[PDB]
Each structure stands twice: as structure tokens, then as C-alpha cells.
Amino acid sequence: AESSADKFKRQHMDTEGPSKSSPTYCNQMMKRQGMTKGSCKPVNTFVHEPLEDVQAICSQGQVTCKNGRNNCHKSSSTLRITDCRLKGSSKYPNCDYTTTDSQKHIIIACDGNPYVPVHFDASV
């Protein structure tokens, strides 16, 4: 399989995407990024911020994780995010998402050495 940090880059990063996402961003990006394969991913988030800024979160205050682990960290600032969540209608392979724009703190899970981001935990 691919790096757990590369996968994250595939699934959750979009540095120069518009802060003004058109209502067709999700349907377009979820498919291009591979989250449409064997099934439609239910909920996903993209971070329109530089990787340098995201990697730095691994140095901020540590919070516990949803799976009970020690490696999660809560951002000390609000990042530009975009939520994509499936619609009631949707019938695979025709995955249909709703594009929601926002700006909340993100809780990521880091690991390894170099200690790099590996999973997206939550939005607060």
C-alpha cells in the first residue's frame, strides 16, 4: 500500500483550491481523487492551506483521539476547509455530494519519524 501520509495528501489536501467552491467541486474532486472507487465515501474534507502549515499542527497541544490514542493535535487557528457529504438520492456508482464551505479548527493525527500528518480526525 501507499504511505499513510501520502494517502492523506491524496484524500485531504487542496492548497490552491478556491475558497469559493462551486456546488460541483465535491462531485468533481471526490471522483478525481479516487474516493469514488469501490463505493462512495460518506464524508470528506479538503484543506486549502499550505502543507507547511498543516505539518506544523503536529507540534501544537495534544488531544486524545477517537480511537483512544495519544497522537492527535488540535489546531490553534482556523483553517480554510470544504466539506463533502453524500446525498440521500445517491446510487453507486453515481455518487452525489453537497459542497459546504467553512472555516473551523482541524484535529489531525500525526505519527512516524519524521513526525508527519497521517489521518483527519475532526472539525471544531
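Quick note: we count residues from 1 along the sequence shown, nothing fancier.
Checked against the record, the higher mean CA B factor of 103-111 and 20-28 lies with 20-28. Set 64-72 against 91-99 and average the Cα temperature factors; 91-99 ends up higher. Of the candidates 35, 81, 43, 58, the deposited coordinates give 81 the top C-alpha B factor.
For residue 122, the recorded CA temperature factor ranks within the lowest third of the chain's modelled residues.
Sorting the modelled residues of the chain by their CA temperature factor places residue 51 in the highest third.
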